[PDB]
*Asks:* 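Shown below is the structure under consideration.
Chain letters run A, B, ... following the sequence lines, proteins first, then strands; residues in each count from 1. Just the heavy atoms: all of them, side chains too, but no hydrogens, waters or symmetry mates, feed the values below. Whatever order the structure lists ligands and atoms in, that order sets their numbers, starting from 1.
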Amino acid sequence: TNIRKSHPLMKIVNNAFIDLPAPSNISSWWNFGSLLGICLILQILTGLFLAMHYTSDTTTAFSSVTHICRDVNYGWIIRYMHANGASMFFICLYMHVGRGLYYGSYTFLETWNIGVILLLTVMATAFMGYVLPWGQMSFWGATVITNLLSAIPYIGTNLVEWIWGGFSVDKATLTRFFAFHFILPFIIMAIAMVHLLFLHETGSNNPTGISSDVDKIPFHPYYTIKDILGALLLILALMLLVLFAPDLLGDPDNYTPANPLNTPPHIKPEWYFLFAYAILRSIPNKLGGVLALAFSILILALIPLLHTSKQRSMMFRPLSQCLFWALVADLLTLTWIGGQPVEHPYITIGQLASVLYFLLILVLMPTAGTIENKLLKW
Amino acid sequence: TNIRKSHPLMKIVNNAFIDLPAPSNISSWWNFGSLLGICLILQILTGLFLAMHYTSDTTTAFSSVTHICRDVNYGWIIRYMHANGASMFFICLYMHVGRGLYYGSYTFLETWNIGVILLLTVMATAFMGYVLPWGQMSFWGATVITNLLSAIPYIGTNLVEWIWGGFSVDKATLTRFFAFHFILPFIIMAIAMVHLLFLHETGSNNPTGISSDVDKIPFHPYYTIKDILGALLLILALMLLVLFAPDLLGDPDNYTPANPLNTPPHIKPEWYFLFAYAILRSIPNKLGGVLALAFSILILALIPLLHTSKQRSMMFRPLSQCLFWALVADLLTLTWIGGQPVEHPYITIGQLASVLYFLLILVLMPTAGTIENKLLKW
Amino acid sequence: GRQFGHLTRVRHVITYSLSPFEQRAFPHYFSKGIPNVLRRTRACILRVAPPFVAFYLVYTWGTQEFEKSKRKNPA
Amino acid sequence: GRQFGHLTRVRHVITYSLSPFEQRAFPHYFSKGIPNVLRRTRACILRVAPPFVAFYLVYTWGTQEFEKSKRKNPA
Amino acid sequence: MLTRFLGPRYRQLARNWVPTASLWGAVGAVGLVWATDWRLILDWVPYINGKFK
Amino acid sequence: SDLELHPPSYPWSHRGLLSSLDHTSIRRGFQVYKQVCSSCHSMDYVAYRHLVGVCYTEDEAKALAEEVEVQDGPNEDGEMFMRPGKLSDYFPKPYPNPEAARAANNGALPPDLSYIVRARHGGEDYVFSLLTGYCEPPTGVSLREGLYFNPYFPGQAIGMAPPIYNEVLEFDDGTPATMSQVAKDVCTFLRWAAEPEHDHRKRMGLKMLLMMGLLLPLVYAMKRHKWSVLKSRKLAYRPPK
Amino acid sequence: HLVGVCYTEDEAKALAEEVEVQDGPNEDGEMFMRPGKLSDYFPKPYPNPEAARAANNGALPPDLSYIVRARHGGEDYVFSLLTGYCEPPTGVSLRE
Amino acid sequence: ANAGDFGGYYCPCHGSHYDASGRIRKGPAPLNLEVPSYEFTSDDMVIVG
Amino acid sequence: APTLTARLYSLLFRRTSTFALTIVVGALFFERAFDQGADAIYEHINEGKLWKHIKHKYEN
Amino acid sequence: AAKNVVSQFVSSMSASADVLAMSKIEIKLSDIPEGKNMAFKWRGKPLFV
Ligand code: HEM
Ligand code: HEM
Ligand code: HEM
Ligand code: HEM
Ligand code: HEM
Ligand SMILES: C[C@@]1(c2ccc(F)cc2F)OC(=O)N(Nc2ccccc2)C1=O
Ligand SMILES: C[C@@]1(c2ccc(F)cc2F)OC(=O)N(Nc2ccccc2)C1=O
């Protein structure tokens with residue numbers, strides 16, 4: 001007997017990272033899971049080293065962030081690694097979800113449903129962090145998102161004032177958000193372990209959507225070296241952001257300190273929230289808009305029930321492929337409309353893109369799968 | 001088949017808390033493990049709710065703690081639950097270690113050796129927390145402990161200045177300590193899971209030190225209800241501290257704000273550090289004292305190698321029983337000397353108690369086990 | 001991880017048990033209880049108590065001596 | 001958790017393999033590589049590209065219209 | 001596909017669990033009312049009027 | 001120097017485990033703070049709104065805040081003006097610096113009085129004994145006379161002159177304002193200033209003990225019920241031959 | 001901050017020496033004025049935002065530490081603001 | 001202040017149009033702008049609260 | 001002539017549904033009765049609280 | 001007991017006594033000319049007169 005095989009701790013590492021039967025044929029698109037794990041540890045390490053210098057009072061929050069970037073030795077790289085790591089996290093999240101959608105990986109019910117929880121948890125995490133440097137976008141972003149809860153009938157006002165600790169976003173709100181932002185990535189790390197546990201019941205899906213029991217390879221050396229290469233490509237893309245374009249994805253209004261009395265004229269999310277923001281403001285009603293926003297993320301939990309095809313993957317499905325790419329391009333359109341003022345062409349096209357998002361998922365893709373079945377005499 | 005037995009998540013809960021074969025005969029002294037887990041979650045919950053209001057700047061650290069206790073709704077109970085929970089944590093730690101010592105539970109090498117790591121990690125945790133309210137004892141306690149590292153030959157000064165972030169305990173030190181104090185109980189929680197994993201390889205030891213495979217009972221309902229009763233006794237003892245004597249274990253000098261220019265005349269640890277403090281100042285040398293202090297905790301990792309008896313437990317061993325109780329009373333003596341000035345009777349008796357501590361463990365208890373073997377013709 | 005059915009070999013042992021609903025939670029609680037605690041105290045006193053008394057004596061001497069050291073009588 | 005030896009039943013399949021030390025890491029890398037990527041592009045273009053062009057056209061119209069809406073000519 | 005659960009056995013199983021489902025509904029409603037100290041319902045409970053003025 | 005005397009145990013109306021503060025004695029003791037102590041002592045962590053629950057009405061405490069001028073942050077010129085005084089404002093500060101405190105009091109710093117009970121061993125007993133325990137020095141012992149004799153202060157030489165035999169204060173209920181009684185009221189108040197939660201803490205404390213008196217025997221009876229199966233089990237060994 | 005960048009250590013000490021600061025107190029409890037060091041920050045024209053508004057007829061001159069990173073265009077915007085002052089066109093009257 | 005299609009108030013965020021009473025007329029907002037509790041003791045000074 | 005424990009079982013404890021319903025109705029009525037008594041015990045012990053506040057109110 | 005701890009932890013997140021305090025604002029009315037909306041700081045979040 002090996003030490004690696006039967007040592008109670010090394011057992012777990014063995015069954016996850018060494019001897020794990022993996023599909024021979026998993027692509028590039030399967031790199032994003034390890035990359036999400038890398039993103040989490042990156043956010044943990046840089047974040048701790050930021051927490052060593054950041055203070056969470058309204059009087060000193062902006063100044064302490066400034067102190068990191070001028071005075072703290074290499075505080076600027078750590079700060080920018082963190083800000084751009086958050087963006088990398090969302091890039092990897094979206095590629096990973098999209099892989100799941102296209103390849104029918106959502107048929108792993110429990111694995112998928114935990115991934116949704118993982119998505120809602122990183123979203124809550126990155127929102128609360130962005131508030132922390134107490135810029136203008138920090139404050140009004142805090143204002144807009146927190147007020148989404150006030151649309152809830154009967155209890156809504158009581159709920160928002162409770163999460164404020166007061167009558168607006170204030171002293172009580174920022175300190176709260178620091179504490180919640182510290183705790184939540186450790187909760188994420190635990191839910192990510194539960195995610196990986198559920199996955200190991202089945203192992204991985206593959207590009208073909210056909211069972212790969214006939215052609216499994218050991219995770220090591222193959223996906224250990226493939227994941228290494230993936231990580232070095234993540235490091236390239238992150239470092240390009242930090243060392244050449246550190247403000248590219250940042251809003252310049254966040255370099256002005258928070259003003260509670262005056263909004264910016266524009267007001268826009270970070271790039272990864274722009275589709276959902278477009279969906280919210282498409283509805284000329286308060287409750288309608290937020291319900292649409294919530295439903296735009298929460299729809300992923302319904303994607304298993306709308307599978308209609310006799311094939312798992314979209315690899316052998318040209319109709320579904322066209323409709324999937326139509327969704328991606330609809331999402332690109334929604335990210336465009338998100339980042340623009342509420343004015344003439346942008347309103348009606350924002351409405352049409354919002355309709356089409358829900359039309360593709362709820363109606364059009366489940367009709368394509370049925371037609372494709374009928375076409376194959378199935 | 002049951003859901004409880006084969007669901008991949010409920011499996012783990014089943015094998016830990018429901019169907020786990022447990023000794024019929026485990027006493028009161030086996031309650032302290034669950035109680036340590038309760039103590040950890042108590043420290044987590046109250047601590048998060050404190051982190052929601054505490055700020056970590058020198059100008060505002062004392063004031064924010066004051067703000068919790070007057071102004072924040074029920075901030076006083078949360079604050080005092082936390083302070084006294086830390087003491088409860090050390091009471092449970094010491095009962096648990098003492099159980100291990102007496103009953104030969106340290107023969108579980110990996111389980112024990114992780115428990116040592118758990119002890120060093122809660123010690124580091126509770127030190128860094130006590131600094132946080134920035135009282136006089138916070139500051140000078142921070143000063144004394146951090147300076148223990150300066151005794152290390154060649155590298156010692158460079159190491160302490162590195163952990164300060166400066167030439168003394170200052171702005172950089174407090175914020176650091178908040179960040180490290182937040183992260184470490186989540187690390188504790190992970191090491192506590194690894195501790196429990198190693199234990200489940202063997203199951204529990206018992207009072208007799210004899211294998212109990214012949215007489216195992218299911219953990220539920222027996223130790224679920226026994227642990228419930230144990231928890232309610234922990235709640236009684238904690239609430240007695242918070243609601244009737246909240247300052248009993250606190251130093252009054254911590255109610256005066258930190259002064260960097262003037263020490264207190266006395267300077268004493270919290271009760272749970274007083275034995276080690278007595279051991280340090282017993283040695284008229286800088287390096288000698290700290291080495292003695294380090295060795296007073298780290299000796300627990302040598303206790304497995306000094307087992308000499310053919311019986312596991314001290315239950316059938318009257319000589320070892322007398323020497324064990326002599327250790328406990330020596331530790332009581334050391335906690336007394338810890339809390340007193342460096343003056344006439346206290347110095348020489350502090351030296352004698354320090355010698356006896358190391359004499360009992362390294363020499364006297366392993367001689368008793370050998371004599372007891374010879375006495376039983378073994 | 002250990003499981004029932006896989007622990008050890010036992011032969012020829014009969015266990016008789018009653019339902020908790022058939023029986024007392026506190027059977028002869030004082031009348032059998034306090035004789036038992038008295039017997040337990042006797043069994044352990046000579047091992048437990050003499051270190052703590054030896055602490056108490058060193059405590060009471062040490063406090064008395066230190067108090068009496070912090071006084072003059074000639075100069 | 002799945003393990004080798006317990007996956008599935010396979011009969012009558014021969015696999016031939018060479019050592020990595022016996023062989024090229026980049027065998028015919030451009031000469032076979034670029035024909036393959038060209039074949040892959042052809043296979044997928046008609047599915048991938050037409051949504052993004054339809055975004056681009058709505059992008060270029062929408063930006064042009066909005067710019068031209070923010071102008072007068074009589075009052 | 002959920003035509004599966006339509007038939008006389010499934011109707012009887014609905015009928016058997018309905019007093020239980022409604023009694024659990026009663027547990028939940030009284031539980032939520034108690035835990036939030038809910039105003040609308042608890043003003044109308046003839047003892048437990050410990051607001052008064 | 002070196003030698004020490006330790007305070008006796010006075011039987012405060014708030015000493016015993018379920019015993020609240022006398023709030024009439026809180027009321028009188030604030031008046032001692034305002035009249036006597038506030039000219040030299042900061043109380044940085046009590047505001048006028050804190051009194052409203054405790055010893056005054058809402059209208060009374062508004063009127064007491066109205067007695068002092070504050071300084072409010074600026075209008076349009078960028079100015080700093082003085083203000084009639086509100087309820088949100090903290091108790092008023094005698095000095096802008098610690099150094100200004102030292103300059104007035106011949107080198108000695110009068111400490112903040114918000115936490116002074118919890119910041120000294122003995123609590124209120126020490127403060128009472130400091131206030132009522134001023135005497136003549138014994139033979140052998142000369143001071144500066146900038147420093148003053150107190151047997152309860154460590155080192156025996158306190159920089160505080162006796163603030164206490166002075167027979168001050170508007171009294172409303174109108175109890176006699178003796179040195180003993182003025183010290184009794186101030187110490188009762190200074191407990192409250194250190195620990196506003198005192199009364200709630202003990203009400204909760206009773207509620208805990210009463211609940212634990214129910215819950216401990218009941219959980220015990222639950223554990224005894226389940227464990228009955230085992231505690232009354234009989235074994236027999238029946239080997240062949 | 002200038003010492004690395006555009007001046008010597010001696011030069012930057014001398015430039016700080018040009019201004020008076022205010023240092024926190026000696027034994028009287030006082031606040032005195034001070035010849036100026038290297039640890040001190042660039043000197044503040046105004047005690048408040050409101051004092052800034054009072055001097056500049058209601059308008060607040062913003063802090064200039066982050067103004068490049070706080071405007072779209074960066075330095076290009078600031079350059080164009082500075083070099084791009086002209087006469088108003090017909091139709092457009094100001095306050096002056 | 002003094003913006004929109006109603007000559008009262010425009011919220012630039014999602015396109016709320018208020019009149020001179022602070023009443024909602026166009027866009028997503030459910031309610032007229034909040035009237036606080038106020039009284040006039042002089043026609044030189046108003047206390048709001 | 002059957003017992004009250006027997007009736008409390010038969011009517012209320014047999015179904016886990018009604019058992020839970022008993023506890024929750026039980027907890028609401030208990031919270032009222034326990035708080036009311038525990039206030040009144042604490043009130044009778046003390047008597048220098050805002051027992052005094054007849055002095056200073058109603059003048060307003 | 002569970003209701004009481006949970007409520008107390010819940011209440012700790014509510015507006016502290018700190019934050020609930022009365023504020024109130026003096027406004028000079030003759031300093032606001034005809035036509036104009038003036039914006040004052042109150043409670044953290046603006047008052048339009
Ligand atoms: C009013 C009756 C009053 C009280 C009460 C009081 C309290 C008091 C304490 C508890 C101390 C702390 C002693 C210690 O360090 O252990 C103390 C210290 C000083 N005070 Fe005082 N004080 C009262 C009022 C007055 C008044 C009116 C003055 C001015 C005559 C005064 C001054 C001082 C000074 C000076 C000290 C510092 C003493 C020192 O350490 O040398 N106080 N006060
Ligand atoms: C906290 C961020 C997440 C981490 C760390 C992560 C972790 C990973 C890992 C390591 C893999 C295995 C390798 C791979 O296929 O990529 C994976 C697979 C999977 N993930 Fe995630 N994941 C996260 C987010 C998500 C999200 C948001 C979803 C979608 C709602 C998702 C659903 C799945 C599914 C269905 C698979 C199976 C893929 C298949 O084999 O084809 N995960 N996860
Ligand atoms: C538990 C590990 C973490 C800690 C201790 C932490 C701590 C920090 C701190 C102190 C800040 C304020 C300083 C700053 O703005 O630069 C910050 C901001 C930020 N956090 Fe985290 N963080 C953690 C992980 C996370 C994760 C998982 C995400 C989600 C990807 C996240 C997203 C961000 C963002 C977007 C900001 C704002 C950055 C900016 O633009 O300045 N962080 N966090
Ligand atoms: C973070 C604090 C700790 C937690 C949460 C904890 C957890 C527990 C738990 C749940 C048990 C099983 C029940 C019981 O026997 O008590 C246990 C057993 C054990 N613990 Fe710990 N423990 C911790 C600290 C320690 C320490 C400091 C040591 C000694 C260096 C220790 C050594 C052991 C050993 C040897 C046992 C086996 C006991 C036996 O069966 O007789 N643990 N631990
Ligand atoms: C990750 C959960 C934890 C968080 C977020 C946390 C946070 C806090 C905060 C904010 C303070 C400063 C406020 C105060 O002094 O009252 C504090 C102090 C304290 N912490 Fe923790 N804590 C955690 C768990 C721990 C643990 C496991 C221990 C070790 C038993 C510990 C020991 C203490 C002590 C002794 C103090 C000083 C209390 C005092 O006397 O005021 N805490 N912690
Ligand atoms: C980073 C960000 C965000 C992250 C994740 C999320 F799910 C929602 C968010 F709004 O947090 C935030 O305040 N903004 N900014 C923003 C939000 C609403 C309106 C305008 C700006 C974000 O984009
Ligand atoms: C709470 C405490 C402590 C906790 C755990 C530990 F392992 C060591 C410590 F010093 O942290 C601290 O600063 N003191 N105080 C202290 C330390 C050294 C000298 C005098 C006081 C502690 O007792």
*Asks:* Look at atom 3 (C) of ligand 3 and say which protein heavy atom is nearest, naming residue and atom and giving the distance to 0.1 Å.
*Replies:*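 In this structure, atom 3 (C) of ligand 3 has A:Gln43 O, 3.8 Å as its nearest protein heavy atom.
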*Asks:* Give, for atom CG of B:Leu197 and atom CG of B:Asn15, the distance between the pair rounded to the nearest 0.5 Å.
*Replies:*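 If I round to the nearest 0.5 Å, the distance is 11.0 Å.
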*Asks:* Which ligand 4 atoms are under 4.0 Å away from a heavy-atom of B:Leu93?
*Replies:*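 Within the 4.0 Å cut-off of B:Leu93, ligand 4 contributes 2 (C), 24 (C), 27 (C).
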*Asks:* Could you check whether any heavy atom of A:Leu40 sits closer than 4.0 Å to an atom of ligand 2, since that is the contact criterion I want to use?
*Replies:*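 For ligand 2, residue contact (heavy atoms, under 4.0 Å) with A:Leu40 is absent.
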*Asks:* Below a 4.0 angstrom heavy-atom separation, can you tell me which part of B:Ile26, side chain or backbone, both or neither, approaches ligand 4?
*Replies:*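 Under 4.0 Å from ligand 4, B:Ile26 contributes no heavy atoms.
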*Asks:* Around atom 7 (C) of ligand 3, find the nearest protein heavy atom and jot down its residue, atom name and distance.
*Replies:*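 That would be A:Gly47 O, 3.4 Å.
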*Asks:* Could an N or O of ligand 3 be found under 3.5 Å from any N or O of A:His82, whether backbone or side chain?
*Replies:*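 For ligand 3, there is an N or O atom that lies under 3.5 Å from one belonging to A:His82.
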*Asks:* Consider ligand 4: state whether an atom of it lies below 4.0 angstrom from any non-hydrogen atom of B:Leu300.
*Replies:*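 No, B:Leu300 has no heavy atom closer than 4.0 Å to ligand 4.
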*Asks:* Among A:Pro207, A:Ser105, A:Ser27, which one puts a heavy atom closest to atom 35 (C) of ligand 2?
*Replies:*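 Among A:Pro207, A:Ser105, A:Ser27, the closest heavy atom to atom 35 (C) of ligand 2 comes from A:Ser105.
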*Asks:* Quick one, A:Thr125 and A:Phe89 - any side-chain contact, counting heavy atoms below 4.5 Å?
*Replies:*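 No, their side chains stay 4.5 Å or more apart.
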*Asks:* Between B:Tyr223 and B:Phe219, how do the two ring planes meet: parallel, tilted or perpendicular, split at 30° and 60°?
*Replies:*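 Ring orientation, 0 to 90° scale: tilted.
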*Asks:* To which protein heavy atom is atom 16 (O) of ligand 3 closest, and what is the distance rounded to 0.1 Å?
*Replies:*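 Nearest protein contact, heavy atoms only, for atom 16 (O) of ligand 3 is A:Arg79 CG, 3.4 Å.
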*Asks:* Would you check the N or O atoms of A:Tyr54, main chain and side chain alike, for any that come under 3.5 Å of an N or O of ligand 3?
*Replies:*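 No; the residue has no nitrogen or oxygen that sits under 3.5 Å from a nitrogen or oxygen of the ligand.
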*Asks:* Below 4.0 angstrom from a heavy atom of B:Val116, which ligand 4 atoms are there? Numbered from 1 as shown, please.
*Replies:*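 That gives atoms 30 (C) of ligand 4.
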*Asks:* I need the atoms of ligand 4 closer than 4.0 Å to a non-hydrogen atom of B:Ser204, numbered in the order shown.
*Replies:*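 Answer for ligand 4: 40 (O).
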*Asks:* With a 6.0 Å cut-off on ring centres, are A:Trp134 and A:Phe177 close enough?
*Replies:*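 Between A:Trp134 and A:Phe177, the centre distance exceeds or equals 6.0 Å.
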*Asks:* Any side-chain heavy-atom pair from A:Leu40 and A:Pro185 closer than 4.5 angstrom?
*Replies:*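 Sidechains of A:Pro185 and A:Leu40: in contact.
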*Asks:* Looking at A:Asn205 and A:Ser105, what are the two nearest heavy atoms and their distance?
*Replies:*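 Minimum heavy-atom separation between A:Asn205 and A:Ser105: OD1-OG, 3.4 Å.
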*Asks:* Numbering the atoms of ligand 3 from 1, which are under 4.0 Å from a heavy atom of A:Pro133?
*Replies:*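 What qualifies from ligand 3 is 15 (O), 41 (O).
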*Asks:* Go through A:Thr55 and B:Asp57 one step at a time and tell me if the side-chain hydrogen bond (donor to acceptor under 3.5 Å, both in side chains) criterion holds.
*Replies:* CA-CA 7 Å; A:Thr55 36; B:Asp57 205 292; 4.5 Å; no
*Asks:* Could you tell me which non-hydrogen atom of A:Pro207 sits nearest to which non-hydrogen atom of A:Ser313, and how far apart they are?
*Replies:*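 A:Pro207 and A:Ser313 have their closest heavy atoms at O-OG, 2.7 Å.
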*Asks:* Among protein heavy atoms, which lies nearest atom 11 (C) of ligand 3, and at what distance?
*Replies:*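 Result for atom 11 (C) of ligand 3: A:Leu132 CD1, 3.8 Å.
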*Asks:* Whether the side chain of A:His195 engages the backbone of A:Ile114 through a donor-acceptor N/O pair (distance < 3.5 Å, no angle test) should be reported.
*Replies:*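 No, the answer is negative, given that no donor and acceptor are paired below the 3.5 Å cut-off.
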*Asks:* Look at atom 13 (C) of ligand 3 and say which protein heavy atom is nearest, naming residue and atom and giving the distance to 0.1 Å.
*Replies:*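 I find the closest protein heavy atom is A:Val65 CG2, 3.9 Å.
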*Asks:* What's the spacing between A:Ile12 CD1 and A:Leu196 CG if we round to 0.5 Å?
*Replies:*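 Going from CD1 on A:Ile12 over to CG on A:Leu196, the span is 11.5 Å.
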*Asks:* At a non-hydrogen distance cut-off of under 4.0 Å, which region of A:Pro185 contacts ligand 3 (side chain, backbone, both, or neither)?
*Replies:*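 It is the side chain that touches ligand 3; the backbone stays farther off.
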*Asks:* Heavy-atom contacts with A:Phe186 under 4.0 Å: which atoms of ligand 3 show up? List them by number with element.
*Replies:*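 Within the 4.0 Å cut-off of A:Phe186, ligand 3 contributes 1 (C).
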*Asks:* Which protein N, O or S atoms lie under 2.8 Å from atom 21 (Fe) of ligand 2, given by chain and residue number?
*Replies:*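 Listed by chain and number, the atoms are A:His96 NE2, A:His195 NE2.
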*Asks:* Relative to the heavy atoms of A:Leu48, which atoms of ligand 3 are at a distance of less than 4.0 Å?
*Replies:*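 Result: 5 (C).
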*Asks:* Would A:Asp247 and A:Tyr255 count as a side-chain hydrogen bond (donor to acceptor under 3.5 Å, both in side chains) if you check the C-alpha gap in whole Å, the side-chain angles of each, and the deciding distance to 0.1 Å?
*Replies:* CA-CA 10 Å; A:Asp247 309 298; A:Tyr255 279 95; 2.7 Å; yes
*Asks:* Touching ligand 3 at all, A:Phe178? Heavy atoms, strictly under 4.0 Å?
*Replies:*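 Yes; A:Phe178 lies near enough to ligand 3 that a heavy-atom distance drops under 4.0 Å.
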*Asks:* Please determine if B:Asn205 has a nitrogen or oxygen closer than 3.5 Å to a nitrogen or oxygen of ligand 4.
*Replies:*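 Yes, there is a polar N/O contact under 3.5 Å.
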*Asks:* Please work out whether any backbone atom (N, CA, C, O) or any side-chain heavy atom from C-beta onward of A:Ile44 is under 4.0 Å from ligand 3, and answer side chain, backbone, both or neither.
*Replies:*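 Looking at A:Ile44 and ligand 3, atoms from backbone and side chain both fall under 4.0 Å.
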*Asks:* Hey, is ligand 2 close enough to A:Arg99 that some N/O pair sits below 3.5 Å?
*Replies:*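 Checking ligand 2 against A:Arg99, an N or O pair does fall under 3.5 Å apart.
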*Asks:* Out of A:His181, A:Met81, A:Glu270, A:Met189, indicate the one that has the non-hydrogen atom closest to atom 43 (N) of ligand 3.
*Replies:*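 Nearest option to atom 43 (N) of ligand 3, by heavy atoms: A:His181.
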*Asks:* Do B:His220 and B:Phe17 have ring centres separated by under 6.0 Å?
*Replies:*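 Ring-ring flag for B:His220/B:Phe17: false, centres at least 6.0 Å apart.
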*Asks:* Which heavy atom of the protein is the closest neighbour of atom 14 (C) of ligand 4, given with residue, atom name and distance?
*Replies:*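 Atom 14 (C) of ligand 4 sits closest to the protein heavy atom B:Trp30 O, 3.2 Å.
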*Asks:* Hey, could you give me the OH/OG1 distance between A:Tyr54 and A:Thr60, rounded to the nearest 0.5 Å?
*Replies:*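 If we round to the nearest 0.5 Å, A:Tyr54:OH and A:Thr60:OG1 are 9.0 Å apart.
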*Asks:* Below 4.0 Å from any atom of ligand 4, is there a heavy atom belonging to B:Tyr103?
*Replies:*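 The answer is no: ligand 4 sits nowhere under 4.0 Å from a heavy atom of B:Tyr103.
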*Asks:* Near A:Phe49 CZ, under 6.0 Å, is it more than 12 heavy atoms from other residues, nucleotides or ligands?
*Replies:*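 No, the 6.0 Å shell around CZ holds no more than 12 heavy atoms from other groups.
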*Asks:* With rounding to the nearest 0.5 angstrom, report the CE to CD1 distance, A:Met123 to A:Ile297.
*Replies:*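 Spacing of CE (A:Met123) from CD1 (A:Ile297) equals 4.0 Å.
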*Asks:* Between A:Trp29 and A:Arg99, what is the shortest heavy-atom contact and its length?
*Replies:*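 Between these two residues, the closest heavy atoms are O-CG, 3.4 Å.
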*Asks:* Could you measure the distance from the OG atom of A:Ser34 to the NE2 atom of A:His96? Nearest 0.5 Å is fine.
*Replies:*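 So the OG of A:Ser34 and the NE2 of A:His96 are separated by 9.5 Å.
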*Asks:* Examine A:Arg312 relative to A:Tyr102 and say whether NZ or CZ is less than 6.0 Å from the centre of the six-membered ring and inside a 45° cone about the ring axis.
*Replies:*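 Because its charged atom misses either the 6.0 Å distance or the 45° angle limit, A:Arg312 does not stack over A:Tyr102.
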*Asks:* Under 4.0 angstrom from ligand 3, any heavy atom of B:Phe182?
*Replies:*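 Outside the 4.0 Å threshold, so no.
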*Asks:* Is there side-chain contact between A:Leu327 and A:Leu101, with at least one heavy-atom pair below 4.5 Å?
*Replies:*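 Yes, close enough: below the 4.5 Å cut-off.
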*Asks:* For ligand 2, note which part of A:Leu196 has a heavy atom under 4.0 Å away: side chain, backbone, both or neither.
*Replies:*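 Under 4.0 Å from ligand 2, A:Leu196 contributes side-chain atoms alone.
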*Asks:* Would you say the side chain of A:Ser138 lies within less than 4.5 Å of the side chain of A:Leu132, judging by non-hydrogen atoms?
*Replies:*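 Contact flag for A:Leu132/A:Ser138 side chains = no.
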*Asks:* Is A:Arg70 positioned over the aromatic face of G:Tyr66, cation under 6.0 angstrom from the ring centre and no more than 45 degrees off axis?
*Replies:*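 Checked: cation-pi criterion met.
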*Asks:* Would you kindly specify which portion of A:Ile183 sits under 4.0 Å from ligand 3, judged on non-hydrogen atoms: side chain, backbone, both or neither?
*Replies:*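 Under 4.0 Å from ligand 3, A:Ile183 contributes no heavy atoms.
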*Asks:* In the protein, which heavy atom is nearest to atom 18 (C) of ligand 3, and how far is it?
*Replies:*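 For this ligand atom, the closest protein heavy atom is A:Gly129 O, 3.4 Å.
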*Asks:* Please list the nearest protein heavy atom to atom 29 (C) of ligand 3 with its residue and the distance rounded to 0.1 Å.
*Replies:*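 Closest protein heavy atom to atom 29 (C) of ligand 3: A:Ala126 CB, 3.9 Å.
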*Asks:* Check ligand 4 against B:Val97 and write out every atom of the ligand that is under 4.0 Å from a heavy-atom position of the residue.
*Replies:*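 Going through ligand 4 atom by atom, the ones under 4.0 Å from B:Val97 are 27 (C), 29 (C).
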